[PDB]
Structure formats: structure tokens, C-alpha cells
Amino acid sequence: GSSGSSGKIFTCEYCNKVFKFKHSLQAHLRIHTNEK
Ligand SMILES: [Zn+2]
């Protein structure tokens, strides 16, 4: 079909940051979470 028919991007509702893959974001949320 197309090289990028659907270019879904993961956005962070914490710092309004976008990523390439899901994990990329999930891992980032680490710095967002508190009470480590
Ligand atoms: Zn964030």
C-alpha cells in the first residue's frame, strides 16, 4: 500500500512529548512517576 499509510504517534499528556513506539513513551513515564 503506502510506506506510511498510518503514522500513529504516542503523545505524553505529562510533558506533551511525542514518541516513535509505545514502549518508548511507557519507559519515559518513569521520569514522570513519583514516590520512587
Ligand atoms: Zn512526558
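Just so you know, the numbers here start at 1 and follow the chain as drawn.
Determined via solution NMR.
The backbone N, Cα and C atoms fix where each Cβ goes, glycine too.
The C-beta environment of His32 (Zn(2+) 1 binding site), restricted to residues of the same chain at least 6 apart in sequence and closer than 8 Å, consists of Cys12, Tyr14, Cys15. For the recorded site, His32 (Zn(2+) 1 binding site), the DSSP three-state label reads helix. Under the heading Zn(2+) 1 binding site, Swiss-Prot lists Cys12, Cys15, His28, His32.
Taken from the PDB entry, the feature expression tag applies to 1-7.
Look at Swiss-Prot and you will find 10-32 tagged as zinc finger, backed by experimental evidence.
Of the chain residues outside the Zn(2+) 1 site list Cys12, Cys15, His28, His32, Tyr14, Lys17, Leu25, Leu29, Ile31 have their Cβ within 8 Å of the site's Cβ mean position. The DSSP breakdown of the expression tag (1-7) into helical (H, G, I), extended (E, B) and coil residues amounts to 0 helix, 0 strand, 7 coil. With the fewest other C-beta atoms within 10 Å around its C-beta, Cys15 stands out among the binding-site residues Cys12, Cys15.
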